[PDB]
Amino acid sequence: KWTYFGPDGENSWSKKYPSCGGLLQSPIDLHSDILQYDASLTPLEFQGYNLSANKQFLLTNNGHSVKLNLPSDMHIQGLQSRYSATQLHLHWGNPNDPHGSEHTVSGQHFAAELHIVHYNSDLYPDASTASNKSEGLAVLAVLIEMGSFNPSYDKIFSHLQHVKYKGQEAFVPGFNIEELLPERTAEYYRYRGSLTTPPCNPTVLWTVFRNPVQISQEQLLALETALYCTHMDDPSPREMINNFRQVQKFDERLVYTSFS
């Protein structure tokens, strides 16, 4: 149906998913010429992010990414509407070219990128209904670079063995999702954009934190090598690598920054 490689790749998404060729597409290059300081961009509060260690949360390989389901009582405070969590997932490159972030900064890819997807729960009953509606979604984006081992990211990565193939599922004990966020979360880029995957609805309020997090070389290699896009019994297995969209044109538009 859709892929990041070959005939069903990103240049063909618009055939079945017309919004992928429409307005307000993400991701984009965040570069000095288009940044504008906005003193109105106050710090977000992360509420209910400390997930009950007594709850288990579904981890899925959906053939596009690895996705952790999140509970709706987890939310962002600070925007006009409350935005409630639905899921998080990641984007990455491959061991030969370990630069698979979606957003770039001054033309540079980061190793990987985490998305924590939220929906406008003040206006909409669920993320599906919100996804194609005004003010529907808000995503927190964390840029990931290689560095020190990260025990918080290992709370997800330690389970990748159990979701190797498309359709496979595992359970993750609740942990503090705020541990996945970088230093100085008050420092971020903000713009109106889209889902970076089909159906590419232009309904996302993007918050890209200024500061990256670090995971070890072994953690990054595990993420790049652990998963397949294909079902376990597929006779032509496809490694899940390079699951990021190319940057989109962004002309006559600003990205607002919470930092000078």
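Think of the rigid core as the biggest set of C-alphas that the two forms share within 1.5 Å after superposition. Residues carry their position along the shown sequence, with the first being 1.
- After superposition on the rigid core, the larger root-mean-square Cα deviation in 9 other deposited structures of this protein belongs to 50 to 58, not to the other of 63 to 71 and 50 to 58.
- Mean C-alpha B-factor is higher over 232 to 240 than over the other stretch, the pair under comparison being 232 to 240 and 12 to 20.
- Two stretches are in play, 174 to 182 and 101 to 109, and the higher mean C-alpha B-factor belongs to 174 to 182.
- As recorded in the PDB entry, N50 shows the highest C-alpha B-factor of the residues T197, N50, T207, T203.
- Between the residues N150, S121, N94, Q80, it is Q80 that shows the highest Cα B-factor in the PDB record.
- When the modelled residues of the chain are ordered by C-alpha B-factor, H115 sits in the lowest third.
- Among all modelled residues in this chain, the alpha-carbon of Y37 has a temperature factor (C-alpha) in the highest third.
- For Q56, the recorded CA temperature factor ranks within the highest third of the chain's modelled residues.
- Among all modelled residues in its chain, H89 ranks in the lowest third by Cα B-factor.
- When all modelled residues of the chain are sorted by CA temperature factor, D29 is found within the lowest third.
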